[PDB]
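S.K.: Structure of the sequence below:
(chains A, B, C and D)
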Amino acid sequence: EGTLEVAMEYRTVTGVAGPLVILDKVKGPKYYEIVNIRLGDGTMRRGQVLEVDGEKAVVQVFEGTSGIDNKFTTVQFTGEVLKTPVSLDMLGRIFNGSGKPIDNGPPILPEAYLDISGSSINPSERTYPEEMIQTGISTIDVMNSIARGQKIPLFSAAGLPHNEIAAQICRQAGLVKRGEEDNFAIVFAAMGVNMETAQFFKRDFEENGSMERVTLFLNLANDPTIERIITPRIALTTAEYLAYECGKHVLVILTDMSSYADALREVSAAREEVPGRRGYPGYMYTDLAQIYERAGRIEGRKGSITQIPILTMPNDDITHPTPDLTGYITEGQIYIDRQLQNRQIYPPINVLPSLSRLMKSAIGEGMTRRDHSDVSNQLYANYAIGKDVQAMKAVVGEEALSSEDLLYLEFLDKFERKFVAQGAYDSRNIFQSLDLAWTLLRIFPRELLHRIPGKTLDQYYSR
Amino acid sequence: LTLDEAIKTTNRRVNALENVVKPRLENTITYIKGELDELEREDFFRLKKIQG
Amino acid sequence: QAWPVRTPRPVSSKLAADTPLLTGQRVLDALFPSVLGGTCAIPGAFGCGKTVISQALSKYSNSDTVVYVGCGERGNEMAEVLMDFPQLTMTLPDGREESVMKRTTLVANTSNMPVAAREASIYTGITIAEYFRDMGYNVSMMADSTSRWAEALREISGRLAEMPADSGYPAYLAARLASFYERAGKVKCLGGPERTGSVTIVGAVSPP
Amino acid sequence: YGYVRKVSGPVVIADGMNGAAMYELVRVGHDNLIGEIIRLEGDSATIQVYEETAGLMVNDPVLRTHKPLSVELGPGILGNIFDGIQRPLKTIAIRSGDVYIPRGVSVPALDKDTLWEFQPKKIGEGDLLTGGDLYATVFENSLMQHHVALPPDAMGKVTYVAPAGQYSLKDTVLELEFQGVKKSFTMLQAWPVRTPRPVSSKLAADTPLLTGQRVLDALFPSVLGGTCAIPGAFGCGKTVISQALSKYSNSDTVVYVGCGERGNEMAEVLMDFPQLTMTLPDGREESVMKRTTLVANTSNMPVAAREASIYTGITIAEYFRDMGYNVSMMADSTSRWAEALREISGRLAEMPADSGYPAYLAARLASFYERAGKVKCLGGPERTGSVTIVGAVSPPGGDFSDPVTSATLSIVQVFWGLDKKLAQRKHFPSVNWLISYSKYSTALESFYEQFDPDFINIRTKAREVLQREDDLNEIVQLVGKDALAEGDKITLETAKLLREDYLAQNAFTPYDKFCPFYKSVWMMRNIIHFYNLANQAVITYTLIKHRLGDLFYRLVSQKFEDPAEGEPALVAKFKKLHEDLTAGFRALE
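M.R.: Numbering: from 1, shown residues only, chains lettered A, B, ... in the order given. Here you go, the structure:
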């Protein structure tokens, strides 16, 4: 084997500006080589070499440039890109943003060092998601369902209970069961969460007793802004190792993706890169791809990576660059409405903008019922007509609702009342909920229904 | 009859017209400041980089 | 053979297209028709999943050959294409039963693949379709998310510190996009017999 | 050693500073102009100088400090007045005599020649001590005893302990050796503003911030060590709430922090605090200044000092919490701080973000706000303090859409929402019940039920009544009070009584200047229980109104009760009126 070499320690640091540390007289640099910077005080922090030109090197330190002296700090070039020591033993533990074990436990004994930002899967070898998931919440499963390998985020403005919904989904996560070793292992990324939210996550996960199959990658808002960018990379790399290289299906969760967007914006503004819309970097689409575009099923392996991000519209606007690019990349949306929260509904899922682009394959005959697609389409389409009827009633009066419009208004009322609402710990099965969905569709006459054929639901029978 | 007509007009103005205009004002503000102002700084920043 | 990917394939003389593109969709072929040789463009804002129309058109067009060259698109769409095109089928006038995968090629690179390869994707797609046209067929393509090949432009213009024209895109964006789109059209090919193949560019532009 | 080379406005380039460190404060020129290092390109440095740089001379000396922007803590920190960059305004004025702030003042933050009474703990001369150990306490003044904590990042076996007596900060009150080398510590601790103070464990907040106002105490409670937000731009509500916090809040200390506001406004507030006086629960009369510290940086002050004032204040609050005291910070105008940050960013030519603020504005605001919380102390003996921030916001025109407002609402747990409409309608509390909220109620429910298990149910019923108040409002608006049912009329009357009797305070009146939580709880019980007891009887609304007409006047009188009679006497009077109201409600049914 090629003989090893001890990393060269330099002291030629010849410039500091912003978060970027300049070096000179570097002997044979390497792009994206991880360099750990030791200050004169002796404290150490990591960093990446962003731009390599000639014998120079423009390093981006992690813990901040503060305290770096141009004649007393030393930089050591490890000569290798960032690598996360993934291992099967990493399950049931908590790690910092960069991966420091923070559960008062010994560090990870790596089964294999794996580089973050792993290469893409050859789409010829890529396959298609073909199985539903039993998260434990009615409205997500019944309409705009989630497939074992499908990516889909949660759109929810600030202050909404989306964190509680994520915790409930993670604690109640399970297969359809229509096995425990390959059962759902949950990788729970936490980008830029509050300390109270962090303690809540830790306590809730420890309480459900599923610590044996859940990994927390916590990154608080106190941690450096650049260190938040590598947290999703590490989480997804560990998920890739667990799923493809070990077998068990992984249900990747990342909270506050808007925090990741803000971290990207801050890092880009630091280096003065070309800005896209709203001052975000012009390559944000590619970065959000490298984060999201890993969920899927690989042909030769029995693993599967399901992605459930959690975004937050900053101004409660769907047109914001982060949610817009996500919706471009994320293959569907599960939407949460503040207006429904104003009505004191615990799971404020609004179904009008919520669609799963892979639902057309999750449904079928192996699972669910043969009337799933048509019933979902009707409860998706008649809601818009009910909203239009409500608007007409608001702008004209109660007399505007004719013998047909009043039916749509009553449909909307009952749909928002009974169907959407669910218990904080209710595992409402599909058929029991689909019966009430059929009742809601049957509030309207069985002949005015245009899109659905009568025979489709007629195959199913009430009681 | 007159009260019904006036109430219809008032409700239409409150619901449709004002809520139509205000998003238009927000979009116009975003298009100017969010793009033109950002581009102007970026253009000048690139020019200063060229000079340096 | 071999051919530079930016230099268009030579022809005898381009000529007007006068045969409609039977997409099999009511709206596409009834109100807003397209001709076999013309250029289309579908905006399809976020959440619309405009690639469903793309796939339907590729499946059911009268075009002899389809080159789905989706650039920057999600890999699951390519998985769907590779899974369904063989199992899906079409019939020919001879009466036999055959798959559409026998005539469809994908030069697609996903969004997680490196950025700079996207322009190469687009150009290789158009050159392959040009070759199939010079064969004489009524070949067609549809480049999913050509707007991704503007992010590819500006993510390089930024490294070169080129002067930003509009929203960060370089100045030649319109020029290059025209140089790409202007390669469609019915044309009498070079040499006998008198092949009169065409090529269609059903692009997709995703706006922010 | 070190000479300037290029002076382009605020930006300054100084050569011969190879050993300089990033963000290390430095003294520039003979006038001792103070500026922070930004870029260390080459062997040269780059400094932005806070005060005006006009008149600098090339090759004028530059003197390093080997320390980032730091604050000298210790005895005497309370009571005084300090600038943004930790400059004692009072002593500067006394020493210079004149009024203007000299360009290049060098007065130390705390007088190092003044004497304070010192006495050590029972520690021995050869014992072992570590960082955060409380080895002595000092009577800086009466009733504000100051503990002397051994500085963090310092530990070792005890070598010398100063016996009790009169000493000054320049004296070496403590000396100890970890290794063979020995270090001697005085009573002055320096700590950088940017670096937070070391903590042992971030506890869960479990005690409400009793502000003395019923609306904040019961409707929208705030917990010790919890963030708070105020949309304060007019109506003097910010002044009122600040005075309430200074006088009646549970906090053992208050650290007001004013940045970039109107100079005359800061003059008014800094003249108001000395006039403010608070009585002790033991009957003693004190001055709020004896437990108050004030950091005021007006608009005329340098922009960098305006940005650093907030961090200075939060570091002072953390130092106070280091000895387990409950201390409350009050950021006067976070909007002004954000504008100062924007000006600094524009000076640095950083790439603009949303609405012109730099892209790190949200991140820096979150980093600042994350320092609040109930925290276990470092080192023994065991004790626990808290730091709660009640930093206000000034949205432009009241539109809660500016990035400062959005980030603050995203980070702050409890938003109280002062409304100018209530101020126009002559509302002393001015708290809009329709927009305020308290996200910490779920965590505070433990204490809420421990004090009274029915109090939380009463609060939920009051929230439901407030929600139905607007419903009855448009009901009266569209058809009038005639269509209201007897139960609906009773609910509307009870909501109006709650709004005009308990949800509103009288401040200026001696009887309602301070509202104890006991009186608040009894008032809430006497209101909600009466509301229900009248509700289930549905009796004609007009008939009920005539029977309860004396009771409606009595309920206003129950609020009029003074706290002078003591909490039990007021509670018994509220209970007696409630019992009489209940007896009328059941017997007459």
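
S.K.: what about residue 37, neighbour count?
M.R.: All of this is about chain A. By other C-beta atoms under 10 Å in any protein chain shown, the residues close to residue A:37 number 24. Quick note: C-beta positions are derived from backbone N, CA and C, even for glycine.

S.K.: that answer is for a different chain, and I need it for chain B
M.R.: When counting by other C-beta under 10 Å, one arrives at 13 neighbours for residue B:37.

S.K.: Quickly note the distance from it to chain A.
M.R.: 10 Å (C-beta to the nearest C-beta, to the nearest Å).

S.K.: which residues touch that residue?
M.R.: Residues near residue B:37 by C-beta atoms under 8 Å, 6 or more residues apart in numbering or on different chains: D:352, D:356.

S.K.: and it, helix, strand or coil?
M.R.: helix (DSSP: H, G, I helix; E, B strand; the rest coil).

S.K.: What backbone torsions are found at residue A:309?
M.R.: phi -70, psi 170 (degrees, to the nearest 10).

S.K.: Please name the bridge partners of it.
M.R.: Beta bridges link residue A:309 to residue A:254, judged by DSSP bridges.

S.K.: Could I get the full set of helices for the chain?
M.R.: I went with chain A, as the question did not name one. In chain A, the helices defined using DSSP state H lie at A:138-142, A:162-171, A:195-207, A:230-244, A:257-271, A:284-292, A:321-329, A:338-342, A:359-362, A:372-395, A:405-414, A:430-443, A:454-459.

S.K.: look at chain C instead
M.R.: Taking DSSP H, the helices of chain C run over residues C:26-30, C:51-60, C:75-87, C:117-134, C:148-157, C:173-181.

S.K.: Output the third one as PDB, restricted to C-alpha atoms.
M.R.: Which is helix C:75-87. Provided in PDB are the C-alpha atoms of helix C:75-87 (Å, rounded to 0.1, in the frame of the first residue of the first chain):
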ATOM      1  CA  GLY C  75     -34.600  11.200 -11.200                       C
ATOM      2  CA  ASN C  76     -37.900   9.600 -10.300                       C
ATOM      3  CA  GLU C  77     -39.400  10.800 -13.600                       C
ATOM      4  CA  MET C  78     -36.600   9.000 -15.400                       C
ATOM      5  CA  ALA C  79     -37.200   5.900 -13.300                       C
ATOM      6  CA  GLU C  80     -40.900   6.200 -14.300                       C
ATOM      7  CA  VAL C  81     -40.000   6.500 -18.000                       C
ATOM      8  CA  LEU C  82     -37.600   3.600 -17.900                       C
ATOM      9  CA  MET C  83     -40.200   1.500 -16.000                       C
ATOM     10  CA  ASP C  84     -43.200   2.300 -18.100                       C
ATOM     11  CA  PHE C  85     -42.100   2.800 -21.700                       C
ATOM     12  CA  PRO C  86     -41.200  -0.900 -22.200                       C
ATOM     13  CA  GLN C  87     -44.300  -2.200 -20.500                       C
END
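
S.K.: which residue lies farthest from the center of the chain?
M.R.: This is for chain A. residue A:399 (45.8 Å; C-alpha atoms, centre = their mean).

S.K.: Hmm, no, I was thinking of chain C.
M.R.: residue C:161 (30.5 Å).

S.K.: got a list of what that residue touches?
M.R.: B:46, B:49, B:50.

S.K.: Most neighbours out of those residues, which is it?
M.R.: With neighbours taken as other C-beta under 10 Å, the top of the contacts of residue C:161 is residue B:46, carrying 17 neighbours.

S.K.: and it, that one's in a strand?
M.R.: No - with three-state DSSP as the criterion, residue B:46 is located in helix rather than a strand.

S.K.: which residues does the closest residue to residue C:64 other than its chain neighbours contact?
M.R.: Take residue C:64 and drop its neighbours on the chain: the residue closest to it by C-beta to C-beta, 6 or more residues apart in numbering or on different chains is residue C:137, 3.8 Å away. Residues in contact with residue C:137 (C-beta under 8 Å, 6+ apart) are C:63, C:64, C:65, C:197.

S.K.: Kindly report the same for residue A:188.
M.R.: With C-beta under 8 Å, 6+ apart, residue A:188 has these contacts: A:170, A:201, A:205, A:214, A:215, A:216, A:217, A:235, A:253, A:255.

S.K.: What distance do you get for it to chain C?
M.R.: 22 Å.

S.K.: repeat for residue A:363
M.R.: Residue A:363 sits 15 Å away from chain C, going by C-beta to the nearest C-beta.

S.K.: Got phi/psi on that residue?
M.R.: According to degrees, to the nearest 10, residue A:363 has phi -70, psi 170.

S.K.: Show me what from the stretch 1-150 of chain A comes close to chain C.
M.R.: Contact residues (C-beta under 8 Å from any C-beta of the partner chain) of the stretch 1-150 of chain A with chain C: A:120, A:121, A:123, A:124, A:126, A:127, A:128, A:129.

S.K.: what's the residue in chain B positioned nearest to chain D in contact with, if anything?
M.R.: Nearest residue of chain B to chain D: residue B:41, at 5.7 Å (C-beta to the nearest C-beta). Going by C-beta under 8 Å, 6+ apart, residue B:41 touches D:351, D:352.

S.K.: May I ask which helix or strand encompasses it?
M.R.: Following DSSP states H and E, one finds residue B:41 within helix B:38-51.

S.K.: Drop anything exposed from the residues of the stretch 1-150 of chain A next to chain C.
M.R.: Taking 16 or more other C-beta atoms under 10 Å in any protein chain shown as the criterion, what is buried in the residues of the stretch 1-150 of chain A next to chain C is A:120, A:121, A:123, A:126, A:127, A:128, A:129.
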